[PDB]
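The chain below stands alone and is given as structure tokens, in the form deposited in one PDB entry.
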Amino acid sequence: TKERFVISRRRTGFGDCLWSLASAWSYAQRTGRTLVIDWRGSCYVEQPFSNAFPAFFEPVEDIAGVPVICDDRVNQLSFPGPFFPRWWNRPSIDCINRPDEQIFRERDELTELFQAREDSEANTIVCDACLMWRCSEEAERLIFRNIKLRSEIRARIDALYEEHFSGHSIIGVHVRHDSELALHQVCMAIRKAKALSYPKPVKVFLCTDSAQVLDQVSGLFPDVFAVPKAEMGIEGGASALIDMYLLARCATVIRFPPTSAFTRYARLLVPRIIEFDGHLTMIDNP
């Protein structure tokens, strides 16, 4: 029974990478294929042929019964054809041109495959498009529970948890950036979240890319805190993961925007989610 494969390629933010990974995992699980995690060319890693997965996560060779290849073996192994999507059967000279039109075509083609009754005859499925929303929420939860952050990253999460979360009910706020309007809307969301009842004293954990948002929100509410401060790339990735994982430890999370995969892990785990969609709404989980 010759080994067959699903390659999960993603190079964008980790929310997207990990959601997309879950979709690839799910198809591998369903059709009895090996999952290859291929994060060469990551936005966080300077070296273009280095698989970024091991820079952030520990080695993994099985996820819930699916064999996994997650390391620089992607540079050694020749994955067998035929390939799906069909574009991947083209000669490599014909693959230099890979515009966004082709990437979206593949997203759709993979979506159709994943909905189809019959397994593909292709020996290697190459997933090199966004596969957010293309799997069950249990597949997403499986990924998060069965890959393990590198110890240096877990240590930072554990310290901040000890320092701020333990003994408290934390309201997490993700703000990814008229400016005045946006700030007012954030404050109203925080005010709404703070009026809810919590079992422990409340603090506000802010994750934002804007120093101005941090400065202003911190100046407008008590007990606001944030995670402080080639190596810049890795540190950028670590800080992202720290924020993502700590958000999933909050009592309530405010998603600005709720379309961001950054807060997906939090969405799966946190008891209460507040989203703009403008007026605010709240999702009880469960």
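The first residue of the shown sequence is 1; numbering continues from there.
The following text describes the form solved in complex with a small molecule, which does not appear among the structures shown.
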query: The small molecule contact in the deposited bound form: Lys192, any heavy atom under 4.5 Å; finding: no
query: The small molecule contact at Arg176 in the deposited bound form, heavy atom, 4.5 Å; finding: yes
query: Distance check, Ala261 to the small molecule in the deposited bound form, heavy atom within 4.5 Å; finding: yes
query: Touches the small molecule in the deposited bound form: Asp38 (any heavy atom, 4.5 Å); finding: no
query: Partner-contacting position among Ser120, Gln216, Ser169, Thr208 - heavy atom within 4.5 Å of the small molecule in the deposited bound form; finding: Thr208
query: In the deposited bound form, the one of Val60, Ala55, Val66, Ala240 near the small molecule [non-hydrogen atom within 4.5 angstroms]; finding: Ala240
query: Segment assignment from 66-74, 25-33, 240-248, 47-55: heavy atom within 4.5 Å of the small molecule in the deposited bound form; finding: 240-248
